[PDB]
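K.L.:
Next up is a structure, given as structure tokens.
Cβ placement follows ideal geometry from the backbone for every residue including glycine, while neighbour counts extend to all protein chains displayed. No lab work stands behind these numbers, since they all come straight from the coordinates.
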Amino acid sequence: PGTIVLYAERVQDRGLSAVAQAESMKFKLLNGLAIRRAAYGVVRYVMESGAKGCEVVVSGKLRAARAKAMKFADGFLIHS
Amino acid sequence: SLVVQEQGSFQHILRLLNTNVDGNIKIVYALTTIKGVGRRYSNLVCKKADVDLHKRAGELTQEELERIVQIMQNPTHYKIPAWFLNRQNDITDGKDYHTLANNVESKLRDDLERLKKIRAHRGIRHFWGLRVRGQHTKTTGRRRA
Amino acid sequence: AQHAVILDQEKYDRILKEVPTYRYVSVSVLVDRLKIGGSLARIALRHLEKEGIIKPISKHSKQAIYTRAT
Amino acid sequence: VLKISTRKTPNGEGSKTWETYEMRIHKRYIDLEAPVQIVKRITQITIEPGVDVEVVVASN
Amino acid sequence: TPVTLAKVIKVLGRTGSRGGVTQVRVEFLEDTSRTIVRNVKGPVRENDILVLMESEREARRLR
Amino acid sequence: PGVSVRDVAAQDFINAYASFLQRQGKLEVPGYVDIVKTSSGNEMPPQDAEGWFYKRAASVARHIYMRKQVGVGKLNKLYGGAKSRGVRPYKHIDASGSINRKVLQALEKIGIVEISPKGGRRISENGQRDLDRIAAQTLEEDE
Amino acid sequence: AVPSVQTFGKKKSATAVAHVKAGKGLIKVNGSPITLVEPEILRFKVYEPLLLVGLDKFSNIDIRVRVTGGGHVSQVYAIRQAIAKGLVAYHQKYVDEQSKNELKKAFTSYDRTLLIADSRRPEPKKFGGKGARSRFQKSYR
Amino acid sequence: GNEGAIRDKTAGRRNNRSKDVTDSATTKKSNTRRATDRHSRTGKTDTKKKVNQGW
Amino acid sequence: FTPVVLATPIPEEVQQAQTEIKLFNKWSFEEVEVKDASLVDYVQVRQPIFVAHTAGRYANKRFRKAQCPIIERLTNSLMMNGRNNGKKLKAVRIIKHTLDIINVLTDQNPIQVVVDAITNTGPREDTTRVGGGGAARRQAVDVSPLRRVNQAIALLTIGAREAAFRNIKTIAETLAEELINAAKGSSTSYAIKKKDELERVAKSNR
Amino acid sequence: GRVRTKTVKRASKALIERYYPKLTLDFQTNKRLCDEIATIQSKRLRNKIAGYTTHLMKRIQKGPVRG
RNA sequence: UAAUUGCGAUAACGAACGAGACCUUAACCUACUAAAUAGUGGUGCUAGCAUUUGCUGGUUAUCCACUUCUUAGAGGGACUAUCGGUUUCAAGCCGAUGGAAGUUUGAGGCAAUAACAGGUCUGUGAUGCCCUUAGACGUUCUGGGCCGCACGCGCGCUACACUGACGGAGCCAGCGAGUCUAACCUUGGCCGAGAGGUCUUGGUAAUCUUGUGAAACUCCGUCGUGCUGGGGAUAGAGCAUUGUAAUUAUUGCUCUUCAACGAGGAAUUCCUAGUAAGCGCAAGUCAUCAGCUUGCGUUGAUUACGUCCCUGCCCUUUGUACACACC
Ligand SMILES: [Mg+2]
Ligand SMILES: [Mg+2]
Ligand SMILES: [Mg+2]
Ligand SMILES: [Mg+2]
Ligand SMILES: [Mg+2]
Ligand SMILES: [Mg+2]
Ligand SMILES: [Mg+2]
Ligand SMILES: [Mg+2]
Ligand SMILES: [Mg+2]
Ligand SMILES: [Mg+2]
Ligand SMILES: [Mg+2]
Ligand SMILES: [Mg+2]
Ligand SMILES: [Mg+2]
Ligand SMILES: [Mg+2]
Ligand SMILES: [Mg+2]
Ligand SMILES: [Mg+2]
Ligand SMILES: [Mg+2]
Ligand SMILES: [Mg+2]
Ligand SMILES: [Mg+2]
Ligand SMILES: [Mg+2]
Ligand SMILES: [Mg+2]
Ligand SMILES: [Mg+2]
Ligand SMILES: [Mg+2]
Ligand SMILES: [Mg+2]
Ligand SMILES: [Mg+2]
Ligand SMILES: [Mg+2]
Ligand SMILES: [Mg+2]
Ligand SMILES: [Mg+2]
Ligand SMILES: [Mg+2]
Ligand SMILES: [Mg+2]
Ligand SMILES: [Mg+2]
Ligand SMILES: [Mg+2]
Ligand SMILES: [Mg+2]
Ligand SMILES: [Mg+2]
């Protein structure tokens, strides 16, 4: 007891936070949104938080039996 | 070593322990064509017999050969360790033998028979013409019997 | 088996009167002269050097080499 | 250098590709002759996340 | 027997389907002022010396 | 000039010392010699038959002279080589600790080596003495 | 303190250090004369520098070398490199330039790398073969 | 039991050795199905409305 | 030769031949010449060498192979057939022995004899499997000098090894036998045979 | 195969364009120049750049070069 | 060009993802900052051999100084540099010299867009739906089984010996790893033919195991071409180790038994420099078991430095009634 201590700490803009933006999609879809609305919104907001670029992939299955994926990018990224 | 000589002395081929033994081989190995005398056994027996291993089967006195046999079939007496022996702890009289020559065939027969007679898996396995030491039998030995 | 494992007195003398002209003598050459196998032929190598003919010009295991005396 | 060398696949199919991770461990020591006051001062501070600082004593 | 020596003066390129052959212009030595094109079998550079086994006869293509 | 053994090539030295320890007659030869192997990693026993314990004695000694201290383990590891595991790959294997340990005890009783602190066996000062001596002798045949 | 340099030699992973000081002319390796060495066939390889540059040369100097690493041939090349490098390092601080450069000349000329270290090294094996380039074996089906 | 097993002729090696070997021993892979891999069996199909609602 | 010595001393013949001439195991590099024009440039001899061992970078460029001393090329080519791959110390010694042997028979710098069996074994012309349509005839070619040396060494050592296999004669002896029989070409050597035949067929198909 | 990527050749172009006096068929100094005069993030890439701009200069000296 | 890498041609100009850059590791720093957990020289304490100085050791501190070697921070270094050939005198390519280094410096890490009904629901307390749910398809306990053997296929290990086996003797690596609320790495001493046993011991580690004295290899012997002393399958008897348990034999040792295999048809794999091949080691797995893997160093070649013949693949042009796209 007392040899361990927790503090919270707001994060300087969730906008450049992969983890935050993923959790945000999770919530958008889970909260019964649209697909492109959710994604394009996350993206437009990440961009708006002044990012160099960003990309959101949704893979799996929506409403139709067969699985599909979708890339939603804007701005600029490097890959290698 | 040395340029040697002799005369009619050495006779090629000579017969001990109910088998035959070629002359003109380096004696230690001659003794090997007998059953139950691996290179080690032969080596130690010859050393115990007080023989010059540099000799062929070739030379060797009759006497010498006699001693060689005596020790070969009475190892424990002429201080040979007993861990050096192919049949320690019989399984009936429990003595230690170094079974030799035409008799090792018998002893194999004997043991295999004991296993079969007692119905032990090893025995059954032998009787069946299979491998007994637990090796996989799918792939190996198919040329076989 | 096919022979050359003893000494047959005639063989010894044979070794003494046949070993000139052998510009090359070795383990192999002695065997090649239809006699002594690489056991006793090695002894022959040691014992022609007892005194005479063979002049030691090379050294070791496998390879030996000698030339006619002068 | 701690290597761990694993198949990439979670299963078995595919050409057998191998992959290898490392954690690099860097260690250092500085020996210092001082009194209690300066050691305690200097070592309560200089604190740093990720750096494991250990202070011993003695000559045995 | 009549040997004939020739010096490689120019390397032309590889022939043969496999492409391990090399066409070369050679100036033979015992009397220059005459050139012939032979086909090699080994690796070859400028100024090597081929023993033309037969002195007059020459090739071109190779499949 | 002055001398060590380091001034003398392995073989002719160790054979010089073999022939010496031999000659001498003081030694200790366990008795199991001739009836014994040298390592589980071996097929046949030594060919020197009468002797070879002198050969290893010499070898061991010189090995210990040429360094601080050495134990039975290190010698087993040294004197050992490849064992054919028949049809399954070769692997290095240590040699016998009896042969060696007994050899040490022998040379020690003969005062040519001594239980060292630190561990193991250090060459004796009288070992230094006698080894430098026959080393010298071996260069003296060569003169 | 007498005049003295240190140098080294390197083939594969073996490394051979030379201490080259003013002396009455020894040439020892680890702790034995440079006459022992054996490898033996390779023995001349280590004599090589001395004979390239005249046996005298070593009369104002003591030479000692110690090799660890590599293996038998590996160590021979390292020690010889260390010795020749040594001799030259010594003529560079104590004798005059022209002498040193005459020595670099006779080594560098004939050579076997004596002054310069061979850069060849192990390449790492990569999964799918017992070696670096060697790939395993396939049957197709 | 074990008495049974040794006493049972119609057992052991010689007996097998003397029997002919079946041809399905020396068979081949099988394969069964592959040029149907792209051809869906489900017989179901999706539909542009459901897909457009989804995606 | 003026002897000299210091602390740890250097043996007689050692000092002697070392500082003077720059010769082999102990054979002359001076004299020794390539009895076939061409082949010079592709048979080394000078710079002279002590033993045929060298951390040689003779591969990283197309032709520099040529520049490697011939004798060492021979020993190199000795150390094959799987079991022997690597094992240059083995090879080198086999060569020292071989040269001693060859020397015994008929004198000559034995390195000169080697040089001769090498000159005397490279095929002046050969053949390749040209198409010309399914039923492939054989177009005669004149072969490079480099290929000639290469193939000469290959042949010599192969025949020497194949001979030596499964009999009492030892590698160096049969290598010397091949070398000798070949040096002054005698159709009792595997090498000379194979050359003669290559050129027989190479004529036969022009 | 030793062929220079765009970024390298582009940079030589621009530099020679705007700093031809200073620069001089010597890599060693053109290098140092590049340090003092432009901002690159790897030694390697900077060298590559200098060496090529050095080449380009070295051949401008004997007639113009397109681009 | 390794590269949509560039030059050049040019209704295009100028750019971005990807390649490149970047990062890691291997190479070079008598320049920098240092070190009893790395080492060198001097000095003391001291052994041996010569003696005329000398030569070779002992001594985790008896002190002094150093940083060449070792360690790892910071820098520096290379840019295919200089010169010359060649090329549309373009990007480039080649040779020579210099150089630690000039094959993308060697080797890796990262790696766009798109595709596949590739494999994985048996890695997951990731998961839809179906099934099952107390005579369980939950779970645990005892015992067996995955190892079963006429035989087809793949990866492998060991061999057919004399560039060798055996026996003395020489004797040299690099990458690792190790015990707290525990029994891990183990030196040394004894006992034991061996395997192993036993008493102590150092180490939570650049400190101790450990210079991991590894194996191929080197040298002096034995054997001598004989299925031989090559080879060591199969099998018998005995001894020990892990484990609650060893039978269908975990593994280790000793004696004995001594097979096929005399270089392997049609076919077919892999490979360009410290590479190939040979050789061992450490790590993973692990109570015990490596003939496997992943890395590591040791010994260290022959042959190309080319092409499109075989095969495979990308690219143009071309045809299409295909577009769920030749399944
Ligand atoms: Mg990029
Ligand atoms: Mg027998
Ligand atoms: Mg060893
Ligand atoms: Mg040994
Ligand atoms: Mg490797
Ligand atoms: Mg590419
Ligand atoms: Mg004095
Ligand atoms: Mg004094
Ligand atoms: Mg430093
Ligand atoms: Mg150069
Ligand atoms: Mg790099
Ligand atoms: Mg499928
Ligand atoms: Mg899964
Ligand atoms: Mg489920
Ligand atoms: Mg799992
Ligand atoms: Mg998960
Ligand atoms: Mg279930
Ligand atoms: Mg299974
Ligand atoms: Mg299969
Ligand atoms: Mg596989
Ligand atoms: Mg050996
Ligand atoms: Mg006992
Ligand atoms: Mg403790
Ligand atoms: Mg180490
Ligand atoms: Mg046979
Ligand atoms: Mg054997
Ligand atoms: Mg069991
Ligand atoms: Mg079973
Ligand atoms: Mg046999
Ligand atoms: Mg074969
Ligand atoms: Mg198990
Ligand atoms: Mg393991
Ligand atoms: Mg496995
Ligand atoms: Mg049409």
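K.L.:
What number, rounded to the nearest 500 deg cm²/dmol, is the helix-based mean residue ellipticity at 222 nm of the protein assembly as shown, given -39500 (n - 2.57) per DSSP H run of at least four residues and division by all its residues?
P.N.:
Working: 31 runs with 369 residues, N = 1030.
That calculation yields -11000 deg cm²/dmol at 222 nm.
K.L.:
Something else about it: Compute the orientation-averaged projected area for chain J from the convex hull of its Cα atoms and round it to one decimal in nm².
P.N.:
On the way: hull surface 18.4 nm².
Hull-based average projected area comes out at 4.6 nm².
K.L.:
If you don't mind, there's one more thing I want to ask. What is the magnitude of the charge dipole of the protein assembly as shown about its Cα centre, with +1 placed on the Cβ of each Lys and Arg, -1 on the Cβ of each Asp and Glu, and no other charges, expressed in debye to the nearest 20?
P.N.:
Values: 191 positive and 104 negative charges, 1703 e Å.
Value, rounded to 20: 8180 debye.
K.L.:
For region E:22-61 and region I:131-194, write down the distance between their C-alpha centroids in whole Å.
P.N.:
24
K.L.:
Separation between the I:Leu89 and F:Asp48 pseudo-spin-labels, each 7 Å from Cα along Cα→Cβ, expressed in nm?
P.N.:
In this crude label model, I:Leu89 to F:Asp48 measures out at 2.1 nm.
K.L.:
Taking chymotrypsin sites (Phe, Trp or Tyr not before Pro) that fall in a DSSP loop and have at most 16 other Cβ atoms within 10 Å as cut points, what is the longest piece of chain G between them? Please report the intermediate quantities before stating the final value.
P.N.:
Numbers: sites that count: G:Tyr94, G:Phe127, G:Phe136, G:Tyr140.
Here the longest run is G:1-93.
K.L.:
Listing F:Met44, I:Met79 from the residue with the fewest other Cβ atoms within 10 Å to the one with the most, what is the order?
P.N.:
Values: F:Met44 11, I:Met79 17.
Sorted ascending by nearby Cβ count, the order is F:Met44, I:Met79.
K.L.:
How high is the FRET efficiency from I:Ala135 to G:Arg135, r the C-beta distance, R0 60 Å, rounded to 0.05?
P.N.:
Once the sixth-power term is evaluated, E becomes 0.95.
K.L.:
Continuing with the same structure: Which order do the peptides F:48-55, F:83-90 take when ranked by the mean count of other beta-carbon atoms within 10 Å per residue, highest first? Spell out each step's value before the answer.
P.N.:
Working: F:48-55: 17.4, F:83-90: 9.6.
Descending mean neighbour count gives F:48-55, F:83-90.
K.L.:
Quick check: net charge around I:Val113, other residues with Cβ under 10 Å of its Cβ, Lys/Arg +1 and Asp/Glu -1?
P.N.:
On the way: positive: I:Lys184; negative: I:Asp107, I:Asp116.
Summing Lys and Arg as +1 and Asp and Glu as -1 gives -1.
K.L.:
Please give the charge dipole size of chain B, origin at the Cα centre, charges +1 on K and R Cβ atoms and -1 on D and E Cβ atoms. Round to the nearest 20 debye. Show your work: numbers first, answer last.
P.N.:
Numbers: 27 positive and 15 negative charges, 298 e Å.
Magnitude of the dipole: close to 1440 debye.
K.L.:
Cα gyration tensor of chain C, axes a ≥ b ≥ c as square roots of the eigenvalues: rounded (a/c below 1.5), prolate (a/b > b/c) or oblate? Before the final figure, lay out the partial values.
P.N.:
Values: a/c = 1.83, a/b = 1.31, b/c = 1.40.
Cα axes put chain C in the oblate bin.
K.L.:
Still on this model: Pick out, in residue order, every one of the trypsin sites (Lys or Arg not before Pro) in region J:17-63 that is DSSP loop and has at most 10 other C-beta atoms within 10 Å; say none if there are none.
P.N.:
J:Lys62
K.L.:
Still on this structure: Please compute the net charge surrounding G:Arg120, taking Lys and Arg as +1 and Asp and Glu as -1 over other residues with Cβ under 13 Å from its Cβ.
P.N.:
Values: positive: G:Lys10, G:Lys11, G:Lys12, G:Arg121, I:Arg57; negative: G:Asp118, G:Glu123.
Local net charge: +3.
K.L.:
Let me ask another. Quick one: net charge of G:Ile41's neighbours, Cβ under 11 Å, K/R +1, D/E -1? Before the final figure, lay out each step's value.
P.N.:
Details: positive: G:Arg43, G:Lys45, I:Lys88, I:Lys90, I:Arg93, I:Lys96; negative: G:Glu38, G:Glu40.
Every neighbour counted, the sum reads +4.
K.L.:
On to the next question. Among G:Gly54, A:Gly75, B:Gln62, which residue has its Cα positioned farthest towards the positive end of the charge dipole of the protein assembly as shown, with +1 placed on the Cβ of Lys and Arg, -1 on the Cβ of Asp and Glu, and the dipole taken about the Cα centre?
P.N.:
A:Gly75
K.L.:
Gap in Å between the Cα centre of chain H and the Cα centre of region I:1-23?
P.N.:
Computed from Cα coordinates, the inter-centre distance equals 82 Å.
K.L.:
In straight Cα distance, which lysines are under 24 Å from J:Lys48, not counting same-chain residues fewer than 8 positions off?
P.N.:
Candidates past the 8-residue exclusion: J:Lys6, J:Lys9, J:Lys13, J:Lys22, J:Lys31, J:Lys58, J:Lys62.
K.L.:
Let me test this: with uniform point scatterers at the alpha carbons of region G:29-96, what is the Debye-based log₁₀ I(q)/I(0) at q = 0.11, 0.12, 0.13, 0.28 1/Å?
P.N.:
-0.26, -0.31, -0.36, -1.47
K.L.:
Which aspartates and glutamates have a Cα lying under 16 Å from the Cα of B:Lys107, excluding residues fewer than 8 positions away in the same chain?
P.N.:
Leaving aside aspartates and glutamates fewer than 8 places away in the same chain, those within reach of B:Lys107 are B:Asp90, B:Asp93, B:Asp96.
K.L.:
Which FRET efficiency value, to the nearest 0.05, is calculated for H:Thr42 and A:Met70 with the Förster distance at 22 angstrom and r the Cβ-Cβ distance? Don't skip to the end; give the middle numbers.
P.N.:
Details: r = 23 Å, r/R0 = 1.06.
Given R0 = 22 Å and the Cβ-Cβ separation, E is 0.40.
K.L.:
Of the candidates G:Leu103, G:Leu36, G:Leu115, which one comes out as most mobile in a Gaussian network treatment of chain G with C-alpha springs shorter than 10 Å?
P.N.:
Of G:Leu103, G:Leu36, G:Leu115, the most mobile in the Gaussian network model is G:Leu36.
K.L.:
With r as the distance between the Cβ atoms of F:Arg23 and B:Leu14 and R0 = 45 Å, compute the FRET efficiency 1/(1 + (r/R0)^6) and round to 0.05. Before the final figure, lay out the partial values.
P.N.:
Numbers: r = 38 Å, r/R0 = 0.85.
Rounded to the nearest 0.05, the efficiency is 0.70.
K.L.:
Shifting gears a bit: With +1 on the Cβ of every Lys and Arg and -1 on the Cβ of every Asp and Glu, and nothing else charged, how large is the dipole of region B:1-57 about its Cα centre, in debye rounded to the nearest 20? Don't skip to the answer; put the middle values down first.
P.N.:
Details: 9 positive and 4 negative charges, 61 e Å.
I would put it at about 300 debye.
K.L.:
Additional query: What whole-number volume per residue, in cubic angstrom, does the convex hull of the C-alpha atoms of region I:57-206 give? Each step should come with its number before you reach the end.
P.N.:
Working: hull volume 21.8 nm³, N = 150.
Measuring per residue, one finds 145 Å³ for the Cα hull of region I:57-206.
K.L.:
Please give the residues of region H:1-42, grouped as numeric ranges, whose backbone N is less than 11 Å from a label point set 7 Å along the Cα-to-Cβ vector of B:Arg119.
P.N.:
H:1-7
K.L.:
Let me make sure I get this right: for the protein assembly as shown, a, b and c are the square roots of the gyration tensor eigenvalues over alpha carbons, sorted descending. Under 1.5 in a/c it's rounded, otherwise prolate if a/b > b/c, else oblate. Which is it?
P.N.:
Details: a/c = 1.43, a/b = 1.24, b/c = 1.16.
Because its axes are fairly even, with a/c under 1.5, the protein assembly as shown counts as rounded.
K.L.:
I've got another one for you. Among the listed pairs C:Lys35/C:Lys55; F:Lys91/F:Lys118; G:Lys28/I:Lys90; F:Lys55/F:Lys118; B:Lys138/G:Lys125, which are separated by more than 25 Å between their Cα atoms?
P.N.:
On the way: C:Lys35/C:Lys55 21 Å; F:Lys91/F:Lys118 31 Å; G:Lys28/I:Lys90 27 Å; F:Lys55/F:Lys118 27 Å; B:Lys138/G:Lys125 35 Å.
Correct reply: F:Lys91/F:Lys118; G:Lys28/I:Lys90; F:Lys55/F:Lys118; B:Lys138/G:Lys125.
K.L.:
Then there's this: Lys/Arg Cβ at +1, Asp/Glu Cβ at -1, dipole of region A:18-80 taken about the Cα centre: which of A:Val43, A:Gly32, A:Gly53 is farthest positive-ward?
P.N.:
Result: A:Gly32, furthest along the dipole toward the positive end.
K.L.:
Here is a follow-up. State whether chain F is rounded, prolate or oblate according to the following rule on the C-alpha gyration tensor (a ≥ b ≥ c being the square roots of its eigenvalues): a/c under 1.5 gives rounded; otherwise a/b larger than b/c gives prolate, and the remaining case gives oblate. Each step should come with its number before you reach the end.
P.N.:
Details: a/c = 1.72, a/b = 1.56, b/c = 1.11.
Prolate, since a/c reaches 1.5 and a/b exceeds b/c.
K.L.:
A further question follows. Build a GNM of chain G with springs between Cα atoms under 10 Å: which of G:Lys85, G:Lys28, G:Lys125 gets the top mean-square fluctuation?
P.N.:
Between G:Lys85, G:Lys28, G:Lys125, it is G:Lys125 that shows the largest mean-square fluctuation.
K.L.:
Out of I:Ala176, I:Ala66, I:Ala52, any idea which swings most in a Gaussian network model of chain I, alpha carbons joined below 10 Å?
P.N.:
Residue with maximal mean-square fluctuation among I:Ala176, I:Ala66, I:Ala52: I:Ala66.
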